[PDB]
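Asker:
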Amino acid sequence: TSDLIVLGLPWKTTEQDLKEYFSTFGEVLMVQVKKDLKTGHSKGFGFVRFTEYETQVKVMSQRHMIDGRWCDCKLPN
DNA sequence: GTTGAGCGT
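Take UniProt numbering: the last position of the first sequence gets the number 179, and nothing is skipped along the way.
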């Protein structure tokens, strides 16, 4: 398993929210929501790591409606 | 108090 980058997150979406959402597919190791260090405002993308590689491809294969926006899980660059 | 292609100290 590898980290997946999550593009398109609503600005209000928190690491708590991601954990909840992604947990529905499989077991989650960690989630991150990248934020500006001065203001804490989310930058609109984050990361996720699953324990099971099965869950990763399942998640990588489809778009995701998270808090009102379609999001994409890709392999980072 | 804003936005929507954005890739991580």
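Note that beta-carbon positions come from the ideal geometry of N, C-alpha and C, so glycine has one too.
Quick check: what's the CA-CA separation for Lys136 versus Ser144?
Answerer: 6 Å
Asker: For a test of the three-state rule: what should DSSP assign to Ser144, helix, strand or coil?
Answerer: strand
Asker: Where does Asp119 fall in DSSP's three states?
Answerer: helix
Asker: Between which two residues does the alpha helix (DSSP H) carrying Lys176 extend?
Answerer: It is not in any alpha helix (DSSP H) - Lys176 instead sits in the beta strand (DSSP E) that spans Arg171 to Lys176.
Asker: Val133: which of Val159, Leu139, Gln164 and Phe147 sits nearest, CA to CA?
Answerer: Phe147
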